[PDB]
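[1] in their complex positions, the first chains:
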Amino acid sequence: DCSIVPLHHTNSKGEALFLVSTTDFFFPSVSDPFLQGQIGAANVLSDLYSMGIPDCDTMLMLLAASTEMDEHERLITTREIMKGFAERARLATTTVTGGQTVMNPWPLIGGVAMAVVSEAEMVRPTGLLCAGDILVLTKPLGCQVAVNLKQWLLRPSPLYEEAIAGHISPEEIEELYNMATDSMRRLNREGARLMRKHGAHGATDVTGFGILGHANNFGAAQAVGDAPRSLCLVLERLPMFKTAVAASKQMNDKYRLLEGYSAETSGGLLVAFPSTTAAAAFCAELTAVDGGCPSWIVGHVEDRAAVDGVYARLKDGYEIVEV
């Protein structure tokens, strides 16, 4: 979800230009600060990528530096976050050209991403979605579980000893956490670049509301305003980190992963296509150019019957695709 603003300028051919901007933030764990920065930047860019815009013109970095650390610790942490944020901006072929850092009792890492585009250079997230369309997800789910288990290694909770220790090893937790953070810092840029090519009908990114929450918002957005559609996103199968699923079952689905509401940070794109043929071709080209990272067809869009505010559903007995 971005802001899309018509400008009082056209391009060289007299075509309308638009300023597309987005902002986001995340609360980092006590962890590798360079990595925090990378995830912070990928999270900001993710929203722009969901508009089918692979080229970001510039970024602003917004950072809250914690008053808890001593000067030495705070200085190196801030420096490393900045470096990691900038490293992802370089990978995105953009630059960080401004922003601000403030002292604050709680840390925060976020920013703003902006692109100036013509209509031909984006894919609008409303107005294209139809019943029958096929849904694909470009990153696996379960990062909230991953981050919390890793946290418990350095600063344990009673739940860790009660339900986790002895059943899921520090090595399996290390591997889950590495898979999750590797996935989180990855850009959705290649996905954005391929959306138009395969006739995508729009996308949303998956962040703090979980797969089902963001699916719901994507569906609900089609019901505003002047030319509404009444649609329901049906999730039939979902890619989830295997160890995150195992951990969830040991903790009575504490983080609501299996319910569809577990928070992701810098999650994947949930993209719609007009057919399975189109969706499969997008997935095939995406894995081939983006380092062999799989994507998954996860369901379809149907006509909405229905309960107020409900525009997405998890199918009863949906398939879990263990990753």
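    Good, I have the coordinates. Numbers count the residues shown, from 1 in each chain, chains lettered A, B, ... in the order given.
[2] going by C-alpha atoms from here, please, whenever you check contacts or count neighbours.
    Fine.
[3] ranges for the helices of the stretch 1-150 of chain A?
    A:33-49, A:71-91, A:143-154 (DSSP state H, counting those that start in this stretch).
[4] could you give the angle of the longest one to helix A:33-49?
    Taking axes from the mean of the first three to the mean of the last three C-alpha atoms, to 10 degrees, helix A:71-91 and helix A:33-49 form an angle of 40 degrees between their directions.
[5] so which bits of helix A:71-91 are buried?
    Of the residues in helix A:71-91, A:77-78, A:80-89 count as buried by neighbour count, 16 or more other C-alpha atoms under 10 Å.
[6] same question, stretch A:247-256
    A:247-248, A:250, A:253, A:255-256.
[7] export the helices of the stretch 1-150 of chain A as TSV, with columns for distance to residue A:273.
    Below are the helices of the stretch 1-150 of chain A laid out as TSV (distance: least, C-alpha to C-alpha, whole Å):
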stretch	distance to residue A:273
helix A:33-49	16
helix A:71-91	27
helix A:143-154	26
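[8] what's the closest of those helices to residue A:290?
    With C-alpha to C-alpha, the closest approach to residue A:290 among the helices of the stretch 1-150 of chain A belongs to helix A:71-91: 12.7 Å.
[9] what does that closest one contact?
    Residues from elsewhere that reach helix A:71-91, judged by C-alpha atoms under 8 Å, 6 or more residues apart in numbering: A:33-42, A:59, A:61, A:65-67, A:95-96.
[10] now do 7 Å
    A:33-38, A:40-42, A:65-66, A:95-96 (C-alpha atoms under 7 Å, 6 or more residues apart in numbering).
[11] check stretch A:289-306 too.
    So stretch A:289-306 is contacted by A:130-139, A:190, A:230-238, A:283, A:287 (C-alpha under 7 Å, 6+ apart).
[12] from those, which ones fall inside strands?
    If you go by DSSP state E, those have A:134-137, A:231-238 in strands.
[13] how many neighbours does the nearest residue to residue A:106 once chain neighbours are set aside have?
    Leaving aside its chain neighbours, residue A:106 sits nearest to residue A:66 (5.6 Å; criterion: C-alpha to C-alpha, 6 or more residues apart in numbering). Residue A:66 has 19 neighbours, counted by other C-alpha atoms under 10 Å.
[14] sequence below should go in as chain B:
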Amino acid sequence: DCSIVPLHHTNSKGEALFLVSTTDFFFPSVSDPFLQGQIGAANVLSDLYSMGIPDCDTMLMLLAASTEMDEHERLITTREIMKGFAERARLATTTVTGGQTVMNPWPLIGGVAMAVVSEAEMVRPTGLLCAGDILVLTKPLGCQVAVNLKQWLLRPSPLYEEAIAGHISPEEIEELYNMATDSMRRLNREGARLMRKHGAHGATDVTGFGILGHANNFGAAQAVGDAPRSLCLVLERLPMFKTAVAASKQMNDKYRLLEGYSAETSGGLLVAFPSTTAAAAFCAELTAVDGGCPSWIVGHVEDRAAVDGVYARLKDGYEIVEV
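    Time to bring in chain B:
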């Protein structure tokens, strides 16, 4: 100070386009929340106006809502800040099209302002400034003093009773505070609109570093990078709220108003012109279109001799223009 980013688009005539963006924030006092919002927005726009860009394409609002207040108080405060912020955006002929609100122990009100412009639609803040140029300031100084005296009426400090009470009345303090907040919520938009018309050589806005701090940064900026100039901004006379000056003298210049380092929020533009004739014409047209708000010629630019990092100075025995 903004970010100015060349875009891979031209306008209808094949002229280069640039994305100019800026961000800023302020820590609001316990006060009228609608007014907090208005000052917050004017503060964000001020930086864009300093680039001679009177038309803002869009704004994002970034707000930190305090965890200190109870739900009822927080909800109405947040609502009123939002309304005040939006009211100034309407006055600026722009819209707030996105942003974010976060819970936080400390309140903050800020945002982002963006414009897409050609070279002909802005005035760059480096590269035009010359020795001999005349400096003008478009809002009076002393808001930090004003805000703190008003604060002491509802939540007193020992300094208030020691040095203020009995010498500066609650009515004089009310008047100083009203003058200061009236000035702070005013947009620098008309100033921006008139800069090019009179051949301005760039501007900076005046915010948290005080008149001398921002003058210094404006001068120092000319020394980077490929085509540097060595210049010194000389401040010869300064407009200051009369009561703020009186209060300063009672408190041994506590807030450094007389030293030139008192923090302003949403202060005026410090603008350079090639001559006194040009400067006077700008001032005359600005007061005529912007509700009769005075502006002042405050000094000039000279060749820099000098101490490292020093690119501005207050003249010994400079004139205080009481407002």
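[15] let's see the contacts of helix A:71-91 again after adding chain B.
    Under the contact criterion C-alpha atoms under 7 Å, 6 or more residues apart in numbering or on different chains, helix A:71-91 has outside partners A:33-38, A:40-42, A:65-66, A:95-96.
[16] what are the phi and psi angles of the residue positioned nearest the centre of chain A?
    Nearest to the geometric centre of chain A sits residue A:267, at 2.6 Å (C-alpha atoms, centre = their mean). With angles defined as degrees, to the nearest 10, residue A:267 sits at phi -80, psi -170.
[17] give me the nearest residue to it, chain neighbours excluded.
    Leaving aside its sequence neighbours, residue A:267 sits nearest to residue A:206 (C-alpha to C-alpha, 6 or more residues apart in numbering or on different chains; 4.8 Å).
[18] report the contact partners of the one you found.
    Applying C-alpha under 7 Å, 6+ apart, the residues near residue A:206 are A:214, A:264, A:267-270.
[19] give me that answer again for 10 Å
    A:43, A:46-47, A:50, A:137-139, A:141, A:212-215, A:263-270 (C-alpha atoms under 10 Å, 6 or more residues apart in numbering or on different chains).
[20] in the contacts of helix A:71-91, find the pair that's most separated.
    It's A:66 and A:95 that sit farthest apart of the contacts of helix A:71-91, by C-alpha to C-alpha, at 24.9 Å.
[21] sorry, back to before: so the residue nearest to the centre of chain A makes contact with residue A:184?
    Yes - applying C-alpha atoms under 10 Å, one finds residue A:267 in contact with residue A:184, separated by 6.3 Å.
[22] which neighbours do the two share?
    Joint contacts of residue A:267 and residue A:184 (C-alpha under 10 Å, 6+ apart) are A:42-43, A:139-140, A:143.
[23] most neighbours among these, which one?
    For these, counting by other C-alpha atoms under 10 Å in any protein chain shown, the largest number of neighbours falls to residue A:43: 31 neighbours.
[24] that one reaches residue A:181, doesn't it?
    No - judged on C-alpha under 10 Å, residue A:43 makes no contact with residue A:181 at a distance of 11.9 Å.
[25] who touches both of those two?
    Here residue A:43 and residue A:181 have A:265-266 as joint contacts, going by C-alpha under 10 Å, 6+ apart.
[26] leaving out chain neighbours, which residue sits closest to the residue in the stretch 201-323 of chain A positioned nearest to chain B?
    The minimum distance from the stretch 201-323 of chain A to chain B, using C-alpha to the nearest C-alpha, falls at residue A:208 (13.3 Å). Here the nearest residue to residue A:208 in space, its sequence neighbours aside, is residue A:263; by C-alpha to C-alpha, 6+ apart that works out to 4.2 Å.
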